[PDB]
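# Turn this into a model:
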Amino acid sequence: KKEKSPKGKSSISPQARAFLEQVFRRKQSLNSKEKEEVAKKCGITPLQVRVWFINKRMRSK
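Residues are numbered from 1 along each chain as shown. Okay, here it is:
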């Protein structure tokens, strides 16, 4: 749904690596479902899961 959450201010708590840690730990191919399902349970967002995982999971592009 995405209501209102930029989450763009310098950086995030240790969760940055922790949240992503368990995220990339659960699997690798985080799809639109996992990107949204993972972003809401891990602490990311539909906009982050893509850009965030890009650098934290640069698979292709």
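
# Spatially central residue for the protein, please.
residue 49 (3.3 Å; C-alpha atoms, centre = their mean).

# which phi and psi does residue 3 have?
phi -100, psi -70 (degrees, to the nearest 10).

# any idea how far it is from residue 57?
Look at residue 3 and residue 57: by C-beta to C-beta, to the nearest Å, they are 25 Å apart. Bear in mind the C-beta positions are built from the backbone N, C-alpha and C, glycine included.

# Out of these two, name the residue with the larger neighbour count.
residue 57 (14 against 4; other C-beta atoms under 10 Å).

# check contacts around the closest residue to the more buried one other than its chain neighbours.
Nearest residue to residue 57, sequence neighbours excluded (C-beta to C-beta, 6 or more residues apart in numbering): residue 24, at 5.9 Å. Neighbouring residues of residue 24 by C-beta atoms under 8 Å, 6 or more residues apart in numbering: 53, 56-57.

# Can you tell me how far residue 17 is from residue 38?
Counting by C-beta to C-beta, the gap from residue 17 to residue 38 is 15 Å.

# all strands of the chain, in order?
Counting by DSSP state E, the chain forms no strands at all.

# For it, which segments count as helices?
15-26, 32-38, 48-55 (DSSP state H).

# could those go into CSV alongside distance to residue 8?
Formatted as CSV, the helices of the chain follow (distance: least, C-beta to C-beta, whole Å):
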stretch, distance to residue 8
helix 15-26, 13
helix 32-38, 17
helix 48-55, 9
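
# Since that was my last question, I'll sign off now.
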